[PDB]
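What follows is the residue order along each chain.
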Amino acid sequence: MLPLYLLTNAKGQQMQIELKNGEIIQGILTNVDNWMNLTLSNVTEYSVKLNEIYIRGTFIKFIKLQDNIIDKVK
Amino acid sequence: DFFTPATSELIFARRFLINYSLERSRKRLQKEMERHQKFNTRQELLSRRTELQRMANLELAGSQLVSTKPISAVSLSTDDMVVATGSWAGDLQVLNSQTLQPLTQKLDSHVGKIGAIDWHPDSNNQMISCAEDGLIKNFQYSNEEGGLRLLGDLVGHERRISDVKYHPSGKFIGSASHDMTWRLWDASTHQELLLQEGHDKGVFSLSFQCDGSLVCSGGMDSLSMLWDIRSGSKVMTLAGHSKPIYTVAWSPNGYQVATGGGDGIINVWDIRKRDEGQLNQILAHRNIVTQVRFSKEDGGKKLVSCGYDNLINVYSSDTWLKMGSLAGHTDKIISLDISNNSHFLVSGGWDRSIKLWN
Amino acid sequence: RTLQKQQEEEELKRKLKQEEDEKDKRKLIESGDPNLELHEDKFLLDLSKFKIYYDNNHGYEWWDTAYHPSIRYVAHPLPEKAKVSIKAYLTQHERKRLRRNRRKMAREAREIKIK
Amino acid sequence: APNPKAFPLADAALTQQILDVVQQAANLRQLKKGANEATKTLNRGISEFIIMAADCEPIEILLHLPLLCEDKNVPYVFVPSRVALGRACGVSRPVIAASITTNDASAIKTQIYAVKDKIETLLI
Amino acid sequence: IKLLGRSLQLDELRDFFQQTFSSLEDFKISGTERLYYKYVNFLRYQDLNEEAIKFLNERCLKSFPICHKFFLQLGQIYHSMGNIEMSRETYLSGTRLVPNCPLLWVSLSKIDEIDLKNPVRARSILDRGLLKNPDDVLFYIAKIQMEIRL
Amino acid sequence: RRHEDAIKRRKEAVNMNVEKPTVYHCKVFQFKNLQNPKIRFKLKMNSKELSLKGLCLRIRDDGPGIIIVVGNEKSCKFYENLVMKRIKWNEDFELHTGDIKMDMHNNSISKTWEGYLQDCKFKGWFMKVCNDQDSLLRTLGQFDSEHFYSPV
C-alpha cells in the first residue's frame, strides 16, 4: 500500500530512523502528517535519551521498520 | 365451555357490585378531580421528595422471632393496631405494631404452609387466612378476650391456595389457588359465586382494585389477567413476565397496577392508557419478587417491594425508580406490609422474625 | 486581522459565561421548583389529558362506560398454554456391561472374521 | 399432573440441570441417596439441598421430608420421575429422594450454588 | 506498666505515665493506641477519677476517634457507673464511626438486652450491623450468642 | 486425526441450528469510570466470545455509565465473574499517547440488576458513548427499555 497510509496505520511502534547528518534516531512513532514529519517518543540517538523529538520529513534518508509492521498494520 | 353457568346467587350480588364500584368509581375519580385541579409543582414536588427522602432514610427498627418455620404472611390490621403473621408450619399470631411483643398466644390453625392473610377493610378485626389446605378461615379478633376465634371455614379448592384478599366492600373474599380456578366468596353465607379458569397453571395471586371494580389476577403462567367481576370476562391480557407472577397489587387509584413476577421485574401497568405506554418495567431485586405494596393513605404515589434479595426497596408512582435499598434481613424476605400512615414498615421472611422500620 | 480574531475570541468567551450562569440559575430553580435527570418531570399531571379523557369517558370510568355486557352468564375462556432433550444417565454397572458387550461384539467380529 | 400435593416442582430444563448436578456430585461422592440418608443429611445439617420424586407412590413417605427441610431452612425440589432421578444417582432401582451435601473443597461448588439458587427461586 | 502494675505502686505508675507522654511529645501516634488504653485502664483500676476518665476519653477519643477501643472502654465508663442512656448513646455513635468493629455491636446488644432489656432492639442491632459488614464471622457469632442467651 | 475432525465439527458447528431459547438471563451493571482501555477490551472481546446480546453505555467518557448483558445463564454468569472478580476497578492505569496517569480509587463497580426478561430486543452487543444522560436514555430507548439505567 501507500507509505503515508502505512505510517498512518502505524502508531506507537519502535523504529530506527536514518537522517542525512548520519545520526541514528531510535524512537516510537506518535503522529504523521502529509509531509511525513515524524514525532517520536522514548527517543535515543547515536552519532542521547529524549522523551520526545520532532523530525522533518525531507531530512530523512530511510526508515527501519519493525518486522511486524504488516501484521500490526494490516 | 364459554359463558355456560347461570350463577343465580351472583346476579343479586353482581348488581350490588355495579352499584358499589359505580359509586366508588365516581367518588374516587372525583377526589382525583379535585386533586389534579388543586395541585402545583412546588408543594407537589417538594412534598414528594420529602416523603421519598423519608423512605430512603428509614432503617431497621426492631425484630421479633415468631415461629419455627419462616413467616409467610405479614399483614397490618386497619389503623396498624396489630400484625397478623402466618408461617409454613401453620400458626398465625398478631403482634402489637410498635412494641412488637406478641399479644396473642400461639395458635395452630392451618395444617399446611400458610398463604396470604388479610384484615377486614371495615376494621372489624376479622382476618382471612389461606394455607396449603383448601381451607381459608375467618378469624374474629379482639383487643382482650383471648386467642383468636374463627368464624368461617371455607373449602373452595382442591390444591394449595396462594393469596386471599378482601373486596373493598368487605362482603366478598377472593381466593387464588394452584387450581386452574380462582374463586370469589361471600363474607356472609361463605359460598362460591365466581370461579375462573384463566391460566394453564395455578393462579398465584389476586388483587382487588380499591374501588372494587377490577381484579388483577397474577398467574403462574406468567400472565396477569384483569377480570371484571361484573362483566364476568377479562378486560385485557397483559404479560410482561417470562416467569410466574408471585405478587400483584393495585395502587389506591386504579391508574396504576404493580405485578411482581418471578423475573424480579415489577411490571407496572397503567390501564388508564390502553393503547400507549401501558407498562413501566422496574428492576426490583437480584432474585425474584415476593410481595409488592403501596403507600395507601398517601394515595399511592409511593411503592415498596420485597423479594428474595435481602433488600427491601422503595419506588415512586411516576419516576418508578429506586430511592433507596433497605437492609436488615439476613435472609430471604417473603412478606411485607406497610403502615397505613406509611411511617413504619413491617415485614417477615425466612429469617423467621418480623421486622420493623422507623 | 489578528485584532479582529482576538475580539471575536473575547466575545465568544463572554458568551459562554452567561450560559454557565443560566445553568446555575436553572439548578437553583430546580432545588425549590423539576429535575429531568431524576425524571421529576413525570410527577406532573395533565389537566388537558385527564379532562378530555374523562369527558371521553362521559362520566364514571372506562371500565363501566359500557354501563351492554351480559350479567346472566360467566365466561371461562382461553385456557392458554418447549421440547427439552432428556439426558438419561446410568449405572457404572451398565457402563461396564455396555462397554464389555460392545468390545465383545468387535472382538468376536475381528476374531471370527480373521478366522 | 404428578399429584396435587407435592410442591415445588421444576420444569424439564431445570430438572435436567438438577439431575446433571445429581450425577456430577454422585461422581464426586458428595451425594446421599434414599429417604433415610436424605434425612440423615438434613439432621446433620451438611445437606446443600434436597431433591425428591413426584411420581413416587405413596407420596406421604416423601412428604415427611419437606417439614424437616423447612425446619433446617434447606432448599428442595421435586424432579418428576423417580426412575430418572435414581437413574441420575447411578442406581437402576428408582430412587425417591436424593441429597446434595456440602464440601468446601468441591470443584462443582459453584454449580451447586447456582442450581441451589434457582431452587430457592422455586421454593416460594 | 505491666510490672509496676503487678507491684501496685500509684506514684511510680502515674509519674511513669507522665514520663511516657513526655516521651510522646515526639507524637506521630506510633503505638499509642494501647498506651492510652492501658493508661485509662489502670486509671480505671483505681476506683476514683472516673470523671477525669470521661474527660480523658473525650480528649483522646476526640483526637484518635477511629480507635473503637476507646468506645468500648468508655461504654465501660457509663456502664461502670451505671449510665444506660449515656452508654447506649456512646455505643450508637461508636457504631456509626466504626462499622467494621464487632465488639461495639456485641456490647451494644448486650447492654440492650440486660439493662434496657427487650429482645427487639438487640436483634435489630445485630442484624443491621451484620448487613453493614457481611465479611466478619464475629457478627454471626454475636447473633448466635445473643439467641442462646435468650 | 480425531482432533482435526473435532475442530472441523466445531467449525461447522459454530452456528448450529440453534433457535431462540428465550429464558434470557440479564444483568445490568453500572460503573463510575471505564477510562482504563484494558476494561473496554475485555468487555468487547469477552462479549464477542460468549455471544452475549447486550451493550455498554457511558456519559461523557470519564463520567458514569451502564453495562447491560443478556444471554445464556452460564455465559452471563462467567461475564459477571470477570467484571466483578477478575476486573479490578480500583486501580491505577496510564493513558499511552506522552502518558497520563489516571489513578482511580473511587471508581468502582456494582451489579444493579440480575434477572430474566422475555424477548430481548438487542440484536448484538453494542457499546456506545453518549454526551448526556438524555441521549443515553434514548440510546436505551431505541430498544424500548428506558428503565435499565437508574440514576442515584
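Residues numbered from 1 in each chain as written, not as in the entry; some residues may be left out. Chains lettered and ligands numbered in written order. Part of a larger assembly, values for the part shown. Heavy atoms only, no water. Residues with missing side-chain atoms left out of burial classes, pairs and counts.

Method of determination for the deposited model, per the PDB record: cryo-EM, at 7.2 Å resolution.

Under the PDB entry, the name given to chain F is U4/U6 small nuclear ribonucleoprotein PRP3, and the source organism is Saccharomyces cerevisiae. In its PDB record the entry is named "Structure of a pre-catalytic spliceosome".

The name recorded for chain D in the PDB entry is 13 kDa ribonucleoprotein-associated protein, from Saccharomyces cerevisiae. The record in UniProt for chain D states the following under Subcellular location: "Nucleus, Nucleolus". For the record of chain D, the UniProt heading Sequence similarities holds the text "Belongs to the eukaryotic ribosomal protein eL8 family." (UniProt positions renumbered as here; feature names shortened; annotations may be inferred.)

K.L.:
Quick one: what's the story with the overall build of chain F, residue by residue and with numbers?
P.N.:
A count of helices and strands for chain F gives 4 helices and 8 strands. In sequence order, chain F lays out its α and β elements as α-β-α-β-β-α-β-β-β-β-β-α. Dimensions along the principal axes, computed over C-alpha positions, put chain F at roughly 50 × 40 × 25 Å. Within the span of chain F, comprising 152 residues, buried residues form 41% of the whole. Surface exposure of chain F reaches about 9600 Å², of which carbon and sulfur atoms provide 50%. Charged side chains in chain F number 28 positive and 20 negative. The centres of these two groups are separated by 5 Å. (Helix = DSSP H or I, 4+ residues; strand = E, 2+ residues; numbered from the N terminus. Buried < 20%, exposed > 50% of the residue type's maximum accessible area, 1.4 Å probe, protein only. Areas by Shrake-Rupley, 256 points an atom, 1.4 Å probe, with all protein chains shown as cover. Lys, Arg positive; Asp, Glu negative; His and termini not counted. Charge placed at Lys NZ, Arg CZ, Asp CG, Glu CD.)

K.L.:
Explain the overall build of chain D to me, and be specific about the residues and the numbers.
P.N.:
On a plain count of helices and strands, chain D comes out with 6 helices and 4 strands. Helices (α) and strands (β) of chain D occur, in sequence order from the N terminus, as α-β-α-β-α-α-β-α-β-α. Against the 2.2 N^0.38 benchmark of 14 Å for 124 residues, chain D shows a C-alpha radius of gyration of 13 Å, consistent with a compact globule. Residues counted as buried form 55% of the 124 residues belonging to chain D. In chain D, 83% of the contacts between residues at least 6 apart in sequence involve partners at least 24 apart. When the accessible surface of chain D is split by element, carbon and sulfur atoms take 52% of a total near 5200 Å². (Rg over C-alpha atoms; globule rule 2.2 N^0.38 Å. Contact = heavy atoms within 4.5 Å.)

K.L.:
If you had to explain the environment of F:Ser47 to someone new, which residues and values would you point to?
P.N.:
Residue and element names in this part refer to chain F. Mapping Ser 47 onto the fold places it in helix 2 (residues 37-50). Using a relative accessible area of 3% as the deciding quantity, one classes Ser 47 as buried. Ignoring any residue separated from it by four or fewer positions in sequence, one finds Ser 47 in contact with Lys 42, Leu 52, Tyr 79 and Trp 125.

K.L.:
I'd like a rundown of the interface of chain E and chain B, residues and numbers included.
P.N.:
Every contact between the two is made by 12 residues of chain E and, on the other side, 15 residues of chain B. Sorting the residues of the side of chain E that touches chain B by element identifies helix 8 (120-132) and helix 9 (138-149) of chain E as the ones contributing at least two each. Here the side of chain E that touches chain B gets 8 residues from one element, more than from any other, and that element is helix 8 of chain E. A breakdown of the residues in the side of chain E that touches chain B according to their chemical character gives 5 nonpolar, 1 polar and 6 charged. (Nonpolar A, V, L, I, M, F, W, Y, C, P; charged D, E, K, R; others polar.)

K.L.:
With reference to specific residues and values, describe the packing of helix 2 (residues 41-56) of chain B against helix 1 (residues 2-32) of chain C.
P.N.:
In a packed pair of helices, the relevant descriptors are the angle between the two axes and the axis-to-axis distance. Running from amino to carboxyl end, helix 2 of chain B crosses helix 1 of chain C at an angle of 75°, the nearest separation of the two axes being 8 Å. By the angle between their axes, helix 2 of chain B is roughly perpendicular relative to helix 1 of chain C. Contact with helix 2 of chain B, carried on its side by B:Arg42, B:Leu46 and B:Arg49, involves C:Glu30, C:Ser31 and C:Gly32 of helix 1 of chain C and no other residues of that element. The residue makeup of the contact of helix 2 of chain B with helix 1 of chain C, split by class, is 1 nonpolar, 2 polar and 3 charged. (Axes fitted to C-alpha atoms, helices over the stretch in contact; angles between N-to-C directions. Parallel < 35°, antiparallel > 145°, perpendicular 65-115°, else oblique.)

K.L.:
Quick rundown of the interface of chain B and chain C? Include the residues and the values.
P.N.:
Each side of the interface is counted separately: chain B has 56 residues, and chain C has 34 residues. Put simply, the parts of the chain that give the side of chain B that touches chain C at least two residues each are helix 1 (8-38), helix 2, strand 12 (192-197), strand 15 (224-228) and strand 16 (234-238) of chain B. Considering each element in turn, the side of chain B that touches chain C owes the most residues, 11 residues, to helix 1 of chain B.

K.L.:
Break down the sheet that holds strand 1 (residues 14-19) of chain A for me, with residues and values.
P.N.:
Residue and element names in this part refer to chain A. An order of 4-3-2-1-5 is seen for the 5 strands of this open sheet, with the pairing classed as antiparallel. Each edge of the sheet is formed by a strand with only one pairing partner; in this case those strands are strand 4 (49-55) and strand 5 (60-64). Between one strand and the next, the sheet's axes are offset by a mean angle of 40°, whatever the strand orientation. Judged from the 6 bridges that link them, strand 2 (residues 24-31) and strand 3 (residues 38-46) form a sheet pairing that is antiparallel. If you follow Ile 25 over to strand 3, its bridge partner there is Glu 45. (Pairing = 2+ DSSP bridges.)

K.L.:
An account of the packing of helix 2 of chain F against helix 3 (residues 73-86) of chain F is requested, with residue identities and associated values reported.
P.N.:
Residue and element names in this part refer to chain F. Running from N to C, helix 2 and helix 3 cross one another at 165°; their axes reach a closest spacing of 10 Å. With respect to each other, helix 2 and helix 3 are oriented roughly antiparallel. In this structure, helix 2 crosses over helix 3, and the sense of that crossing is right-handed. Mapping the contact onto sequence places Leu 43, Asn 46, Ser 47 and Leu 50 in helix 2 and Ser 75, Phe 78, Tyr 79, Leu 82 and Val 83 in helix 3. Split into classes, the residues belonging to the contact of helix 2 with helix 3 amount to 6 nonpolar, 3 polar and no charged. (Left-handed = near helix turned anticlockwise from the far one by under 90°.)

K.L.:
Could you give an account of the sheet that holds strand 6 (residues 126-131) of chain B, naming the residues involved and the relevant values?
P.N.:
All names here are of chain B. Read across the sheet, 4 strands follow the order 5-6-7-8 without closing on themselves; strand pairing throughout is antiparallel. Only two strands of the sheet have a single neighbouring strand rather than two, namely strand 5 (114-119) and strand 8 (149-155). This sheet shows a mean twist of 20° between the axes of neighbouring strands, independent of strand direction.

K.L.:
Residues and numbers for a positive patch on the surface, please.
P.N.:
On the surface, a cluster of positive charge is made up of C:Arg99, C:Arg103, C:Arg107 and C:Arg110. Among the residues examined, C:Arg110 registers a relative accessible area of 57% and is labelled exposed. (Patch = residues over 30% accessible without salt bridge, like charges linked within 9 Å, V, L, I, M, F, W, Y side chains within 5 Å. Salt bridge = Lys/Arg side-chain N within 4 Å of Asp/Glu carboxyl O.)

K.L.:
Requested: an account of the packing of aromatic side chains, with residues and values cited.
P.N.:
Given two aromatic rings, one states the distance between the centres and the angle between the planes to describe the pair. All told, the structure shown has 17 aromatic pairs over all chains when counted by the stated rule. Seen in terms of ring centroids, F:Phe122 and F:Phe143 are 4.7 Å apart; in terms of plane orientation they differ by 85°. Their pairing is edge-to-face. You can see F:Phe122 sitting in the loop between strand 7 (115-117) and strand 8 (125-130) and its partner F:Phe143 sitting in the segment after helix 4 (133-141), a full 21 residues away along the chain. No difference in accessibility class separates F:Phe122 from F:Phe143, as the two residues are buried. Centroid distance F:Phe122 to F:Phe148: 6.5 Å. Interplanar angle 80°. Geometry classified as edge-to-face. With F:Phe122 in the loop between strand 7 and strand 8 and F:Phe148 in the segment after helix 4, this pair connects stretches of sequence that are 26 residues apart. With a relative accessible area of 6%, F:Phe148 lands in the buried category. Connected via pairs of aromatic rings, a cluster forms that spans E:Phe17, E:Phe21, E:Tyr36, E:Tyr39, E:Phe42 and E:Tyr45. Directly above the aromatic system of B:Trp88 lies the positively charged group of B:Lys113, at a separation of 5.5 Å from the ring centroid. (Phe/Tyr/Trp six-rings, centres within 6.5 Å; stacked < 30°, edge-to-face > 60°. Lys NZ or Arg CZ within 6 Å of the ring centre and 35° of its normal.)

K.L.:
An account of the side chain of B:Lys69 is requested, with residue identities and associated values reported.
P.N.:
By the secondary structure assignment, B:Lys69 is in the loop between strand 1 (60-65) and strand 2 (71-76). The exposure class of B:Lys69 is buried, given its relative accessible area of 3%. At 2.5 Å, the side chain of B:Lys69 forms a polar contact with the side chain of D:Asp71. B:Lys69 has contacts with B:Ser87, B:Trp88, B:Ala89, B:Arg352, D:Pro66, D:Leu67, D:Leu68, D:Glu70 and D:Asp71, leaving out every residue within four places of it along the chain. (Polar contact = N/O pair within 3.5 Å; in protein donor to acceptor, adjacent residues only side chain to side chain.)

K.L.:
Could you give me a rundown of the side chain of D:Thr15, with the residues and numbers involved?
P.N.:
Residues and elements named next belong to chain D. As for its position among the elements, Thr 15 is in helix 1 (residues 12-27). Classification of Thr 15 as buried rests on a relative accessible area of 8%. Among residues more than four places away in sequence, those in contact with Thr 15 are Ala 10, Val 79 and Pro 80.

K.L.:
Give me the arrangement of the chains: which residues, what numbers.
P.N.:
Contacts are most numerous, across the 7 pairs of chains in contact, for chains B and C. Taking C-alpha atoms as the reference, chain A and chain E come no closer than 40 Å and do not contact one another.

K.L.:
Summarise the environment of C:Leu98; cite the residues concerned and give the values.
P.N.:
Along the chain, C:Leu98 falls in helix 3 (residues 92-114). For C:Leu98, a relative accessible area of 37% gives the class partly exposed.

K.L.:
Give me a nonpolar patch on the surface: which residues, what numbers.
P.N.:
Judged by side-chain polarity, E:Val137, E:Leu138, E:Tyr140, E:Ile141 and E:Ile144 come together as a nonpolar surface patch covering roughly 440 Å² of accessible area. You can see E:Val137 is positioned in the loop between helix 8 and helix 9.

K.L.:
Any chance you could break down the nonpolar core for me, citing the residues and the numbers?
P.N.:
Core analysis: the largest hydrophobic core is formed by 53 residues, its most contacted members being D:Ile18, D:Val22, D:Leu31, D:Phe49, D:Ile51 and D:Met52. Setting aside chain neighbours within four positions, we find D:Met52 in contact with D:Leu62, D:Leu65, D:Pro66, D:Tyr76, D:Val77, D:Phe78, D:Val79, D:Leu85, D:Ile96 and D:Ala97. Formed by 22 residues, the second largest nonpolar core is a distinct cluster that contains B:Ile265, F:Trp113, F:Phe143 and F:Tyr149. (Core = buried A, V, L, I, M, F, W, Y, C linked by side-chain atoms within 4.5 Å.)

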